[PDB]
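Here the protein sequences come in this chain order: A and B. Be aware that the first sequence starts at 1, since it is given in our numbering, and climbs by one per residue. Be aware that the second sequence starts at 1, since it is given in our numbering, and climbs by one per residue. We put the CB at the ideal spot given by N, CA and C, even for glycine. Right, one structure below, let's go through it.
Number of protein chains: 2
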Amino acid sequence: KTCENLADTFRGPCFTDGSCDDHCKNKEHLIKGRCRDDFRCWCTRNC
Amino acid sequence: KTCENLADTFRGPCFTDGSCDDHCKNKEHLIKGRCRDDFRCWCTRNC
């Protein structure tokens, strides 16, 4: 099971999925990240 | 498992997928690469 929640410390609006995926993978050590239609970065994690 | 993450020491913006694929395969000895919407080079590797 996996869970999608807001990034903890991503800065500013989320315009690029790459910026969010980078944050989620490399700062939070989670599975992946994407921007959603809210222009925020959401990370997926094992849950 | 495969993993996609940022290239190591790909210089400059990623505006052409083939330049990234080349880097990832030939400089980093990974599977493949592509530019993403962050204009960075992302490599896929066995992990």
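Looking only at its own chain, which residues have a Cβ that is under 7 Å from the Cβ of residue i, when we skip the five neighbours before and after it?
i, result
"A:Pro13", "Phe39"
"B:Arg36", "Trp42"
"B:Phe15", "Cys35, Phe39"
Mark residue i as exposed unless 16 or more other C-beta atoms lie within 10 angstroms of its C-beta, in which case mark it buried.
i, result
"B:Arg11", "exposed"
"B:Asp21", "buried"
"B:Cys24", "buried"
"B:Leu30", "buried"
So, with DSSP's three-state summary, where would you put residue i?
i, result
"B:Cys47", "coil"
"B:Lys27", "helix"
"B:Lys32", "strand"
"A:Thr2", "strand"
"A:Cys14", "coil"
Could you name the residues of the same chain whose beta carbon sits closer than 8 Å to that of residue i, not counting the 5 residues immediately before and after it, in chain order?
i, result
"B:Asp17", "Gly33, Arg34, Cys35"
Which residues mark the beginning and the end of the beta strand (DSSP E) in which residue i is found?
i, result
"B:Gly18", "No beta strand (DSSP E) contains B:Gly18, which is instead part of the alpha helix (DSSP H) from 17-22."
Please report the Cβ distance between residue i and residue j, rounded to the nearest whole angstrom; I am assuming they are in contact, meaning their Cβ atoms lie under 8 Å.
i, j, result
"B:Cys47", "B:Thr9", "The Cβ separation is near 19 Å, so there is no contact."
For residue i, collect the residues of the same chain with a Cβ closer than 6 Å to its Cβ; drop the 5 residues on either side in sequence, then sort them by chain order.
i, result
"A:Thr44", "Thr2, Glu4, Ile31, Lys32"
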